>>> print(open('final.tsv').read())   # TSV, C-alpha atoms
chain	number	residue	atom	x	y	z
G	1	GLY	CA	136.88	87.00	114.34
G	2	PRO	CA	139.60	88.38	116.69
G	3	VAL	CA	141.05	86.18	119.49
G	4	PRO	CA	139.55	87.16	122.94
G	5	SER	CA	141.91	88.49	125.65
G	6	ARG	CA	141.62	89.25	129.37
G	7	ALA	CA	143.79	91.07	131.98
G	8	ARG	CA	146.47	88.96	133.74
G	9	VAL	CA	145.70	90.82	137.07
G	10	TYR	CA	142.48	92.11	138.72
G	11	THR	CA	140.53	90.26	136.01
G	12	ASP	CA	137.36	89.65	138.06
G	13	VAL	CA	137.48	92.49	140.64
G	14	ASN	CA	134.28	94.11	139.17
G	15	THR	CA	132.49	90.76	138.57
G	16	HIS	CA	132.69	90.13	142.37
G	17	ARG	CA	131.38	93.58	143.40
G	18	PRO	CA	127.75	94.79	143.59
G	19	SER	CA	126.30	96.47	140.44
G	20	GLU	CA	126.22	99.79	142.39
G	21	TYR	CA	130.05	99.96	142.14
G	22	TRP	CA	130.42	99.77	138.33
G	23	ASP	CA	126.82	100.66	137.26
G	24	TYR	CA	127.42	104.42	136.79
G	25	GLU	CA	124.25	105.01	134.73
G	26	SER	CA	122.16	104.13	137.86
G	27	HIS	CA	124.33	106.36	140.14
G	28	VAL	CA	122.47	109.23	141.88
G	29	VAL	CA	124.52	112.42	141.73
G	30	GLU	CA	123.77	114.98	144.49
G	31	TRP	CA	124.64	118.32	142.78
G	32	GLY	CA	125.45	120.97	145.39
G	33	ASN	CA	125.36	124.78	145.21
G	34	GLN	CA	128.25	126.57	143.37
G	35	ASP	CA	127.86	129.73	145.62
G	36	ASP	CA	130.39	128.33	148.18
G	37	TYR	CA	133.13	128.87	145.49
G	38	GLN	CA	134.57	131.92	143.76
G	39	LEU	CA	136.58	131.49	140.51
G	40	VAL	CA	140.09	133.01	140.67
G	41	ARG	CA	142.00	132.19	137.41
G	42	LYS	CA	142.09	129.83	134.40
G	43	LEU	CA	144.47	126.83	134.77
G	44	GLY	CA	143.76	124.98	131.49
G	45	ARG	CA	141.24	124.20	128.71
G	46	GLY	CA	140.31	120.71	127.46
G	47	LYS	CA	138.10	119.37	124.61
G	48	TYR	CA	134.93	119.56	126.79
G	49	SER	CA	136.26	121.13	130.04
G	50	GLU	CA	137.78	124.32	131.50
G	51	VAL	CA	139.85	124.13	134.70
G	52	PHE	CA	140.03	126.95	137.23
G	53	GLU	CA	141.74	127.72	140.48
G	54	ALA	CA	139.02	128.80	142.92
G	55	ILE	CA	138.55	129.73	146.54
G	56	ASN	CA	136.04	128.12	148.88
G	57	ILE	CA	134.59	131.26	150.57
G	58	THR	CA	133.35	129.27	153.67
G	59	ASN	CA	136.92	128.33	154.86
G	60	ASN	CA	139.39	130.43	152.71
G	61	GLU	CA	140.85	127.25	151.08
G	62	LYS	CA	141.98	127.12	147.45
G	63	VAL	CA	140.33	124.39	145.31
G	64	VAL	CA	140.44	123.36	141.66
G	65	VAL	CA	137.14	123.63	139.73
G	66	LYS	CA	136.60	121.70	136.49
G	67	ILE	CA	133.67	123.14	134.51
G	68	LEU	CA	132.25	120.54	132.08
G	69	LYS	CA	130.66	121.23	128.64
G	70	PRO	CA	127.67	118.80	129.05
G	71	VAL	CA	127.92	117.09	125.62
G	72	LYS	CA	127.03	113.58	127.08
G	73	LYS	CA	125.33	112.88	130.50
G	74	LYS	CA	126.50	109.20	130.56
G	75	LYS	CA	130.18	110.42	130.32
G	76	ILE	CA	129.69	112.91	133.23
G	77	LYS	CA	128.03	110.17	135.38
G	78	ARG	CA	130.86	107.77	134.51
G	79	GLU	CA	133.61	110.26	135.52
G	80	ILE	CA	131.82	111.17	138.82
G	81	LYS	CA	131.34	107.51	139.81
G	82	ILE	CA	134.91	106.64	139.10
G	83	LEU	CA	136.08	109.67	141.03
G	84	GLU	CA	133.84	108.71	143.94
G	85	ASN	CA	135.14	105.19	143.91
G	86	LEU	CA	138.78	106.27	143.80
G	87	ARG	CA	138.33	109.10	146.25
G	88	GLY	CA	141.20	109.05	148.65
G	89	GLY	CA	143.35	106.66	146.66
G	90	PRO	CA	147.09	107.24	146.49
G	91	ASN	CA	148.17	110.07	144.19
G	92	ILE	CA	144.63	110.23	142.70
G	93	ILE	CA	143.08	113.68	142.44
G	94	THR	CA	140.45	114.11	145.15
G	95	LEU	CA	136.88	114.93	144.39
G	96	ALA	CA	135.67	117.39	147.02
G	97	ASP	CA	132.31	118.50	145.74
G	98	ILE	CA	129.95	118.22	142.78
G	99	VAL	CA	128.22	121.56	142.03
G	100	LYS	CA	126.13	123.28	139.30
G	101	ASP	CA	125.76	126.98	138.48
G	102	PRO	CA	122.31	128.00	139.89
G	103	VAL	CA	121.73	130.01	136.64
G	104	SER	CA	123.49	128.26	133.64
G	105	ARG	CA	123.24	124.84	135.49
G	106	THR	CA	126.63	123.91	133.87
G	107	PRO	CA	128.08	120.85	135.69
G	108	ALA	CA	131.30	121.36	137.72
G	109	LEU	CA	133.62	119.13	139.76
G	110	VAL	CA	135.46	120.57	142.72
G	111	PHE	CA	138.77	119.09	143.67
G	112	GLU	CA	141.12	119.46	146.62
G	113	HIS	CA	143.96	121.85	145.62
G	114	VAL	CA	146.66	120.56	143.26
G	115	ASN	CA	149.82	122.51	142.31
G	116	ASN	CA	151.85	121.80	139.12
G	117	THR	CA	155.52	122.75	138.37
G	118	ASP	CA	156.00	123.68	134.67
G	119	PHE	CA	157.17	120.62	132.62
G	120	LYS	CA	159.89	122.59	130.69
G	121	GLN	CA	161.22	124.03	134.03
G	122	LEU	CA	161.13	120.53	135.60
G	123	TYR	CA	162.66	118.70	132.51
G	124	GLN	CA	165.95	120.68	132.86
G	125	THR	CA	166.47	120.09	136.63
G	126	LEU	CA	165.34	116.37	136.76
G	127	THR	CA	167.82	113.78	138.04
G	128	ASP	CA	167.84	109.97	137.51
G	129	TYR	CA	166.47	109.67	141.13
G	130	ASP	CA	163.56	112.13	140.47
G	131	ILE	CA	162.41	110.11	137.43
G	132	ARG	CA	162.51	106.84	139.52
G	133	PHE	CA	160.69	108.55	142.45
G	134	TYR	CA	157.86	110.07	140.31
G	135	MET	CA	157.51	106.94	138.13
G	136	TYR	CA	157.01	104.95	141.38
G	137	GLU	CA	154.39	107.54	142.52
G	138	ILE	CA	152.43	107.09	139.24
G	139	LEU	CA	152.66	103.26	139.63
G	140	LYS	CA	151.07	103.53	143.12
G	141	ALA	CA	148.11	105.42	141.49
G	142	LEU	CA	147.84	102.90	138.58
G	143	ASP	CA	148.16	99.73	140.73
G	144	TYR	CA	145.43	101.22	142.97
G	145	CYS	CA	143.01	102.23	140.24
G	146	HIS	CA	143.61	98.87	138.36
G	147	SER	CA	142.99	97.01	141.74
G	148	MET	CA	139.72	99.02	141.92
G	149	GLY	CA	138.80	97.59	138.50
G	150	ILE	CA	139.33	100.86	136.61
G	151	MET	CA	141.52	101.77	133.61
G	152	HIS	CA	142.51	105.47	133.23
G	153	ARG	CA	142.89	105.31	129.39
G	154	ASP	CA	144.42	108.83	129.19
G	155	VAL	CA	147.88	108.48	130.80
G	156	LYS	CA	149.98	111.38	129.51
G	157	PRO	CA	152.25	114.20	130.89
G	158	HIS	CA	149.33	116.69	130.87
G	159	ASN	CA	147.35	114.38	133.26
G	160	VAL	CA	150.20	114.01	135.71
G	161	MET	CA	150.42	116.99	138.06
G	162	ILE	CA	153.71	117.29	139.89
G	163	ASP	CA	154.41	119.78	142.65
G	164	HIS	CA	158.25	119.30	142.77
G	165	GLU	CA	158.66	121.61	145.86
G	166	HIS	CA	156.55	119.21	148.03
G	167	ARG	CA	157.37	116.08	145.90
G	168	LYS	CA	153.59	115.52	145.29
G	169	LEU	CA	152.17	113.68	142.26
G	170	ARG	CA	148.47	113.60	141.31
G	171	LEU	CA	146.99	111.57	138.43
G	172	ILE	CA	144.15	113.80	137.09
G	173	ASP	CA	141.35	113.87	134.37
G	174	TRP	CA	139.38	110.66	134.84
G	175	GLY	CA	136.91	111.66	132.05
G	176	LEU	CA	138.01	108.81	129.71
G	177	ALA	CA	138.37	106.25	132.49
G	178	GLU	CA	136.33	103.03	132.38
G	179	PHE	CA	135.49	99.95	134.53
G	180	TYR	CA	137.24	96.82	133.34
G	181	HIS	CA	134.99	93.80	132.64
G	182	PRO	CA	136.70	90.60	131.36
G	183	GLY	CA	135.80	90.10	127.68
G	184	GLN	CA	134.19	93.56	127.26
G	185	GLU	CA	134.80	95.37	123.90
G	186	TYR	CA	135.81	98.98	124.42
G	187	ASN	CA	135.92	102.06	122.15
G	188	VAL	CA	139.50	102.45	120.83
G	189	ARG	CA	139.09	106.25	120.34
G	190	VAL	CA	140.71	107.02	123.73
G	191	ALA	CA	144.08	108.42	124.97
G	192	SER	CA	146.20	111.08	123.24
G	193	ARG	CA	147.82	110.06	119.88
G	194	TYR	CA	151.40	109.81	121.20
G	195	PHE	CA	150.25	107.63	124.14
G	196	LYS	CA	147.89	105.31	122.19
G	197	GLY	CA	148.82	101.65	122.62
G	198	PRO	CA	149.15	99.42	119.54
G	199	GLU	CA	145.86	97.69	120.49
G	200	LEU	CA	143.96	100.99	119.88
G	201	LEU	CA	145.83	101.73	116.61
G	202	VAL	CA	145.02	98.24	115.19
G	203	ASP	CA	141.36	98.57	116.44
G	204	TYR	CA	141.62	95.64	118.96
G	205	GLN	CA	138.68	96.41	121.32
G	206	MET	CA	139.22	93.76	124.06
G	207	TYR	CA	142.01	95.67	125.86
G	208	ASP	CA	142.61	96.08	129.59
G	209	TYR	CA	144.70	97.82	132.34
G	210	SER	CA	147.87	97.03	130.23
G	211	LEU	CA	146.83	99.98	127.95
G	212	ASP	CA	147.90	102.34	130.82
G	213	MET	CA	151.27	100.48	131.06
G	214	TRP	CA	152.00	101.29	127.35
G	215	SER	CA	151.18	104.97	128.05
G	216	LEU	CA	153.47	104.97	131.08
G	217	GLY	CA	156.32	103.46	128.97
G	218	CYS	CA	155.83	106.32	126.43
G	219	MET	CA	156.25	108.93	129.22
G	220	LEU	CA	159.28	107.11	130.69
G	221	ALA	CA	160.96	106.91	127.20
G	222	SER	CA	160.32	110.65	126.67
G	223	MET	CA	161.75	111.44	130.16
G	224	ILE	CA	164.92	109.31	130.17
G	225	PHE	CA	165.75	110.16	126.52
G	226	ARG	CA	164.66	113.88	126.63
G	227	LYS	CA	162.63	113.30	123.42
G	228	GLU	CA	159.06	114.69	123.71
G	229	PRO	CA	156.93	112.87	122.47
G	230	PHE	CA	158.87	109.58	122.12
G	231	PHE	CA	156.57	108.20	119.31
G	232	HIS	CA	155.72	111.30	117.18
G	233	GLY	CA	152.83	110.22	114.92
G	234	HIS	CA	151.07	112.87	112.75
G	235	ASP	CA	147.77	110.86	112.66
G	236	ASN	CA	146.52	107.57	114.20
G	237	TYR	CA	147.81	105.42	111.29
G	238	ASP	CA	151.19	107.14	111.28
G	239	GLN	CA	151.34	106.63	115.09
G	240	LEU	CA	151.65	102.84	114.51
G	241	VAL	CA	154.41	103.46	111.88
G	242	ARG	CA	156.43	105.50	114.46
G	243	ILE	CA	156.12	102.60	116.94
G	244	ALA	CA	157.14	100.08	114.14
G	245	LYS	CA	160.25	102.23	113.37
G	246	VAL	CA	161.48	101.42	116.97
G	247	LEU	CA	159.88	98.00	117.84
G	248	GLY	CA	160.15	96.58	114.29
G	249	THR	CA	157.54	95.22	111.85
G	250	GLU	CA	158.25	91.50	112.65
G	251	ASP	CA	156.87	91.71	116.23
G	252	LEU	CA	153.87	93.79	114.90
G	253	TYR	CA	152.88	91.01	112.44
G	254	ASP	CA	153.37	88.41	115.24
G	255	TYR	CA	151.02	90.52	117.45
G	256	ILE	CA	148.30	90.85	114.78
G	257	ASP	CA	148.56	87.08	113.91
G	258	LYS	CA	148.42	86.04	117.63
G	259	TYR	CA	145.13	87.95	118.10
G	260	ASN	CA	143.84	87.54	114.47
G	261	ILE	CA	143.55	91.34	114.07
G	262	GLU	CA	142.29	92.53	110.67
G	263	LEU	CA	144.61	95.48	109.76
G	264	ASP	CA	142.79	98.42	108.07
G	265	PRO	CA	143.78	98.84	104.33
G	266	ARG	CA	145.18	102.33	105.22
G	267	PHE	CA	148.30	100.54	106.67
G	268	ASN	CA	149.31	98.68	103.44
G	269	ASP	CA	151.30	101.54	101.76
G	270	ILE	CA	152.67	103.19	104.98
G	271	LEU	CA	153.96	100.39	107.35
G	272	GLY	CA	156.98	99.35	105.29
G	273	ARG	CA	159.67	97.04	106.75
G	274	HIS	CA	161.50	98.09	109.90
G	275	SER	CA	164.14	96.41	112.02
G	276	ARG	CA	163.83	96.26	115.81
G	277	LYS	CA	166.09	99.00	117.25
G	278	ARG	CA	168.35	98.70	120.32
G	279	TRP	CA	167.25	100.99	123.21
G	280	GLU	CA	170.91	102.12	123.57
G	281	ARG	CA	170.64	104.02	120.20
G	282	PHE	CA	168.46	106.75	121.83
G	283	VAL	CA	171.23	107.48	124.39
G	284	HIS	CA	173.18	110.75	123.79
G	285	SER	CA	175.34	113.26	125.71
G	286	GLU	CA	172.26	115.33	126.67
G	287	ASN	CA	170.34	112.36	128.23
G	288	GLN	CA	173.03	109.84	129.45
G	289	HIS	CA	172.75	111.10	133.12
G	290	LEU	CA	169.10	109.75	133.14
G	291	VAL	CA	169.83	106.44	131.36
G	292	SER	CA	171.10	103.21	133.00
G	293	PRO	CA	170.94	99.42	132.21
G	294	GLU	CA	168.01	99.10	134.77
G	295	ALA	CA	166.03	101.98	133.11
G	296	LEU	CA	166.46	100.40	129.62
G	297	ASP	CA	165.48	96.91	130.84
G	298	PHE	CA	162.38	98.44	132.56
G	299	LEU	CA	161.42	100.40	129.38
G	300	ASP	CA	161.85	97.26	127.22
G	301	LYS	CA	159.33	95.42	129.49
G	302	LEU	CA	156.65	98.22	129.16
G	303	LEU	CA	156.95	99.01	125.44
G	304	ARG	CA	155.79	95.69	123.92
G	305	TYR	CA	153.16	95.26	121.19
G	306	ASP	CA	151.59	92.32	123.05
G	307	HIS	CA	149.49	93.92	125.84
G	308	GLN	CA	149.62	90.56	127.74
G	309	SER	CA	153.49	90.61	127.72
G	310	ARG	CA	153.75	94.11	129.33
G	311	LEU	CA	154.61	94.38	133.08
G	312	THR	CA	151.55	94.90	135.32
G	313	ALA	CA	151.75	98.00	137.60
G	314	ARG	CA	152.53	95.69	140.62
G	315	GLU	CA	155.26	93.81	138.64
G	316	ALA	CA	156.69	97.20	137.52
G	317	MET	CA	156.89	98.26	141.22
G	318	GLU	CA	159.16	95.23	141.92
G	319	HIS	CA	161.63	96.06	139.05
G	320	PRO	CA	165.33	96.73	139.98
G	321	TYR	CA	164.90	100.32	138.57
G	322	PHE	CA	162.98	101.16	141.83
G	323	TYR	CA	165.42	99.52	144.33
G	324	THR	CA	166.79	103.02	145.22
G	325	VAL	CA	163.29	104.46	146.10
>>> encode(input="final.tsv", output="structure tokens")
Amino acid sequence: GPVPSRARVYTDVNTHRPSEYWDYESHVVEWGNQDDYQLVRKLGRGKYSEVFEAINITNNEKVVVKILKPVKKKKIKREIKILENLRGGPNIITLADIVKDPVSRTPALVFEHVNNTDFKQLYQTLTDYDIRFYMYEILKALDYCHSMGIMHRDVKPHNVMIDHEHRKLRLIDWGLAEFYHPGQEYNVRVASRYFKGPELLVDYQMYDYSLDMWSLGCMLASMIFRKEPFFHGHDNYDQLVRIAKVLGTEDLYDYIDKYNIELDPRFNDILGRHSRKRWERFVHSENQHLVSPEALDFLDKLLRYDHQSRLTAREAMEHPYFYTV
């Protein structure tokens, strides 16, 4: 069978905590009354959620309300517990209340207000310093949630709210997040296609916090190179091919041999043979003001097939790329 793996950092943080911390199924949710809130406008729509801007009528404060389509109770309980545990953490969205509609009884999570500058409008005005600053802000959130024994598992631009005017970053949508247990096999059907780490695409279940570091590297590559998404797969199998076209097929075979991963037969005719590309190739006139030797060295240390070889969030925070922040 496949070779077992464990996180290089915060490996046993959950093992040493009481069951109440990670045992979300046994968590007692106290569902409040939705009447304290009035819906104002739609902010976004997810697979099983709808997000609204709302007003708390008891204090005239704007809030964000996430209305959940209750397809699985275990998933709702998991998200709430994680949110509760992370509550107050740096750059983590803040759970304010848990409410249900007195009539439809549809579950809803109430968050402290979060503003978001449009990504296209931000993309054009971003400087090398802004990328470093915001990347450091996301690392604070990731090092914290990893230190709290949690993996986000859905790191992507749409889950990173940035209010550029106030220089505020919030990591949102903890609905796919999970508690890390050393040696636990996880479902690989997580994260958005473009941000899926090689471990998910090769069906290697014993992954850890390093999955979030791959996702972060994808966002950084798209930001510094002005190429959204950086790895543009058309399906989950093609996603691995788009990674292989940049990282090469040699290091992919070394990764699958190291962990004794059995590659699905669907890869045989599509992988091909690809050389490892130099990061400098993606540099052009339109993106050179965001690229530097430090940025490329940092990216090279995040975007590695081997999840064990990737920088941890704490190691990433000590990289020369962040000396100016």
>>> closest_residue(input="final.tsv", among="G:168, G:319, G:87, G:8", to="residue 298 of chain G", atoms="only C-alpha atoms")
G:319
>>> atom_distance(input="final.tsv", atom1="atom CA of residue 159 of chain G", atom2="atom CA of residue 6 of chain G")
26.1 Å
>>> residues_around(input="final.tsv", residues="residue 237 of chain G", least_positions_apart="6", cutoff="9 Å", atoms="only C-alpha atoms", output="PDB file with C-alpha atoms, in the coordinates of the input")
ATOM      1  CA  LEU G 201     145.830 101.730 116.610  1.00  0.00           C
ATOM      2  CA  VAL G 202     145.020  98.240 115.190  1.00  0.00           C
ATOM      3  CA  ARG G 266     145.180 102.330 105.220  1.00  0.00           C
ATOM      4  CA  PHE G 267     148.300 100.540 106.670  1.00  0.00           C
ATOM      5  CA  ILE G 270     152.670 103.190 104.980  1.00  0.00           C
ATOM      6  CA  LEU G 271     153.960 100.390 107.350  1.00  0.00           C
TER       7      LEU G 271
END
>>> residues_around(input="final.tsv", residues="residue 62 of chain G", least_positions_apart="5", cutoff="10 Å", atoms="all atoms listed in the file", output="JSON, numbers by chain")
{"G": [37, 38, 39, 40, 53, 54, 55, 56, 57, 111, 112, 113, 114]}
>>> write_last_selection(input="final.tsv", atoms="C-alpha atoms", output="short mmCIF file (atom, residue, chain, number, x, y, z; two decimals), in the frame of the given file")
data_model
loop_
_atom_site.label_atom_id
_atom_site.label_comp_id
_atom_site.auth_asym_id
_atom_site.auth_seq_id
_atom_site.Cartn_x
_atom_site.Cartn_y
_atom_site.Cartn_z
CA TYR G 37 133.13 128.87 145.49
CA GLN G 38 134.57 131.92 143.76
CA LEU G 39 136.58 131.49 140.51
CA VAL G 40 140.09 133.01 140.67
CA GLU G 53 141.74 127.72 140.48
CA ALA G 54 139.02 128.80 142.92
CA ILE G 55 138.55 129.73 146.54
CA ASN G 56 136.04 128.12 148.88
CA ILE G 57 134.59 131.26 150.57
CA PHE G 111 138.77 119.09 143.67
CA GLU G 112 141.12 119.46 146.62
CA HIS G 113 143.96 121.85 145.62
CA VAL G 114 146.66 120.56 143.26
#
>>> closest_residue(input="final.tsv", among="G:212, G:235, G:185, G:318", to="residue 151 of chain G", atoms="only C-alpha atoms")
G:212
>>> residues_around(input="final.tsv", residues="segment 180-182 of chain G", least_positions_apart="5", cutoff="12 Å", atoms="all atoms listed in the file", output="PyMOL selection string")
chain G and resi 4-17+19+21-23+82+145-153+205-211
>>> atom_distance(input="final.tsv", atom1="atom CA of residue 135 of chain G", atom2="atom CA of residue 121 of chain G")
18.0 Å
>>> atom_distance(input="final.tsv", atom1="atom CA of residue 322 of chain G", atom2="atom CA of residue 213 of chain G")
15.9 Å
>>> closest_residue(input="final.tsv", among="G:166, G:156, G:105, G:69", to="residue 32 of chain G", atoms="all atoms listed in the file")
G:105
>>> axis_aligned_box(input="final.tsv", around="segment 182-193 of chain G", padding_each_side="5 Å", output="JSON")
{"center_x": 141.0, "center_y": 100.6, "center_z": 125.6, "size_x": 23.6, "size_y": 31.0, "size_z": 21.5}
>>> decode(input="final.tsv", residues="segment 220-312 of chain G", atoms="C-alpha atoms", output="PDB file, in the first residue's frame")
ATOM      1  CA  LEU G 220       1.354  33.796  -5.421  1.00  0.00           C
ATOM      2  CA  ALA G 221       2.309  32.501  -8.940  1.00  0.00           C
ATOM      3  CA  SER G 222      -0.940  33.950 -10.363  1.00  0.00           C
ATOM      4  CA  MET G 223      -0.275  37.310  -8.602  1.00  0.00           C
ATOM      5  CA  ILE G 224       3.414  37.868  -9.432  1.00  0.00           C
ATOM      6  CA  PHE G 225       3.011  36.599 -13.034  1.00  0.00           C
ATOM      7  CA  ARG G 226      -0.459  38.174 -13.711  1.00  0.00           C
ATOM      8  CA  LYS G 227      -1.663  34.765 -15.030  1.00  0.00           C
ATOM      9  CA  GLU G 228      -5.043  33.747 -13.499  1.00  0.00           C
ATOM     10  CA  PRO G 229      -5.208  30.769 -12.770  1.00  0.00           C
ATOM     11  CA  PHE G 230      -1.507  29.778 -12.857  1.00  0.00           C
ATOM     12  CA  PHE G 231      -2.252  26.011 -13.434  1.00  0.00           C
ATOM     13  CA  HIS G 232      -5.308  26.001 -15.783  1.00  0.00           C
ATOM     14  CA  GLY G 233      -6.620  22.405 -15.743  1.00  0.00           C
ATOM     15  CA  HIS G 234      -9.945  21.623 -17.510  1.00  0.00           C
ATOM     16  CA  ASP G 235     -10.654  18.592 -15.225  1.00  0.00           C
ATOM     17  CA  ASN G 236      -8.899  16.957 -12.210  1.00  0.00           C
ATOM     18  CA  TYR G 237      -6.711  14.689 -14.396  1.00  0.00           C
ATOM     19  CA  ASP G 238      -5.737  17.540 -16.711  1.00  0.00           C
ATOM     20  CA  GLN G 239      -4.929  19.642 -13.594  1.00  0.00           C
ATOM     21  CA  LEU G 240      -1.958  17.311 -12.861  1.00  0.00           C
ATOM     22  CA  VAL G 241      -0.818  17.602 -16.538  1.00  0.00           C
ATOM     23  CA  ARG G 242      -0.762  21.451 -16.237  1.00  0.00           C
ATOM     24  CA  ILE G 243       1.396  21.135 -13.097  1.00  0.00           C
ATOM     25  CA  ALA G 244       3.705  18.570 -14.924  1.00  0.00           C
ATOM     26  CA  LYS G 245       4.104  21.053 -17.856  1.00  0.00           C
ATOM     27  CA  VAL G 246       5.836  23.467 -15.345  1.00  0.00           C
ATOM     28  CA  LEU G 247       7.389  21.158 -12.650  1.00  0.00           C
ATOM     29  CA  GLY G 248       8.315  18.347 -15.088  1.00  0.00           C
ATOM     30  CA  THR G 249       7.382  14.643 -15.223  1.00  0.00           C
ATOM     31  CA  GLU G 250      10.686  13.412 -13.628  1.00  0.00           C
ATOM     32  CA  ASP G 251       9.931  14.935 -10.178  1.00  0.00           C
ATOM     33  CA  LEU G 252       6.278  13.644 -10.470  1.00  0.00           C
ATOM     34  CA  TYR G 253       7.465  10.019 -10.931  1.00  0.00           C
ATOM     35  CA  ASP G 254       9.972  10.511  -8.043  1.00  0.00           C
ATOM     36  CA  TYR G 255       7.037  11.750  -5.866  1.00  0.00           C
ATOM     37  CA  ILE G 256       4.753   8.806  -6.737  1.00  0.00           C
ATOM     38  CA  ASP G 257       7.653   6.278  -6.219  1.00  0.00           C
ATOM     39  CA  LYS G 258       8.665   7.870  -2.838  1.00  0.00           C
ATOM     40  CA  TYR G 259       5.097   7.409  -1.490  1.00  0.00           C
ATOM     41  CA  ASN G 260       4.230   4.255  -3.577  1.00  0.00           C
ATOM     42  CA  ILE G 261       1.175   6.009  -5.081  1.00  0.00           C
ATOM     43  CA  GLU G 262      -0.842   3.930  -7.561  1.00  0.00           C
ATOM     44  CA  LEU G 263      -1.578   6.336 -10.481  1.00  0.00           C
ATOM     45  CA  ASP G 264      -5.118   5.971 -11.955  1.00  0.00           C
ATOM     46  CA  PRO G 265      -5.100   4.483 -15.547  1.00  0.00           C
ATOM     47  CA  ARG G 266      -6.687   7.791 -16.788  1.00  0.00           C
ATOM     48  CA  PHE G 267      -3.164   9.387 -16.567  1.00  0.00           C
ATOM     49  CA  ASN G 268      -1.392   6.929 -18.963  1.00  0.00           C
ATOM     50  CA  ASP G 269      -2.342   8.639 -22.300  1.00  0.00           C
ATOM     51  CA  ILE G 270      -2.381  12.294 -21.031  1.00  0.00           C
ATOM     52  CA  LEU G 271       0.765  12.867 -18.812  1.00  0.00           C
ATOM     53  CA  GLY G 272       3.362  12.699 -21.584  1.00  0.00           C
ATOM     54  CA  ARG G 273       6.990  13.771 -20.958  1.00  0.00           C
ATOM     55  CA  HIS G 274       7.704  17.290 -19.758  1.00  0.00           C
ATOM     56  CA  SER G 275      10.888  19.090 -18.811  1.00  0.00           C
ATOM     57  CA  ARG G 276      11.124  21.137 -15.609  1.00  0.00           C
ATOM     58  CA  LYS G 277      10.719  24.823 -16.577  1.00  0.00           C
ATOM     59  CA  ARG G 278      12.708  27.763 -15.178  1.00  0.00           C
ATOM     60  CA  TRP G 279      10.530  30.211 -13.157  1.00  0.00           C
ATOM     61  CA  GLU G 280      12.151  33.109 -15.109  1.00  0.00           C
ATOM     62  CA  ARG G 281      10.270  31.989 -18.305  1.00  0.00           C
ATOM     63  CA  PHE G 282       6.934  33.316 -16.882  1.00  0.00           C
ATOM     64  CA  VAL G 283       8.458  36.824 -16.513  1.00  0.00           C
ATOM     65  CA  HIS G 284       7.262  39.408 -19.121  1.00  0.00           C
ATOM     66  CA  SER G 285       7.001  43.194 -19.568  1.00  0.00           C
ATOM     67  CA  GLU G 286       3.499  43.245 -18.001  1.00  0.00           C
ATOM     68  CA  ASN G 287       4.573  41.441 -14.756  1.00  0.00           C
ATOM     69  CA  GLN G 288       8.339  42.245 -14.250  1.00  0.00           C
ATOM     70  CA  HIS G 289       7.539  45.028 -11.661  1.00  0.00           C
ATOM     71  CA  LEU G 290       6.127  42.242  -9.334  1.00  0.00           C
ATOM     72  CA  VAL G 291       8.905  39.688  -9.936  1.00  0.00           C
ATOM     73  CA  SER G 292      12.300  39.549  -8.135  1.00  0.00           C
ATOM     74  CA  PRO G 293      14.940  36.839  -7.338  1.00  0.00           C
ATOM     75  CA  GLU G 294      13.454  36.579  -3.739  1.00  0.00           C
ATOM     76  CA  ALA G 295       9.855  36.105  -5.073  1.00  0.00           C
ATOM     77  CA  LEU G 296      11.014  33.334  -7.485  1.00  0.00           C
ATOM     78  CA  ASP G 297      13.064  31.540  -4.797  1.00  0.00           C
ATOM     79  CA  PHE G 298      10.020  31.732  -2.427  1.00  0.00           C
ATOM     80  CA  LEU G 299       7.642  30.387  -5.148  1.00  0.00           C
ATOM     81  CA  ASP G 300      10.071  27.523  -5.961  1.00  0.00           C
ATOM     82  CA  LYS G 301       9.972  26.457  -2.258  1.00  0.00           C
ATOM     83  CA  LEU G 302       6.082  26.361  -2.161  1.00  0.00           C
ATOM     84  CA  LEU G 303       5.366  24.722  -5.531  1.00  0.00           C
ATOM     85  CA  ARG G 304       6.931  21.271  -4.976  1.00  0.00           C
ATOM     86  CA  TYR G 305       5.266  17.902  -5.662  1.00  0.00           C
ATOM     87  CA  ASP G 306       6.569  16.482  -2.369  1.00  0.00           C
ATOM     88  CA  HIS G 307       4.233  17.921   0.320  1.00  0.00           C
ATOM     89  CA  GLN G 308       6.985  17.242   2.948  1.00  0.00           C
ATOM     90  CA  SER G 309       9.515  19.405   0.980  1.00  0.00           C
ATOM     91  CA  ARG G 310       7.229  22.518   0.874  1.00  0.00           C
ATOM     92  CA  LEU G 311       7.927  25.415   3.314  1.00  0.00           C
ATOM     93  CA  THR G 312       5.711  25.373   6.429  1.00  0.00           C
TER      94      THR G 312
END
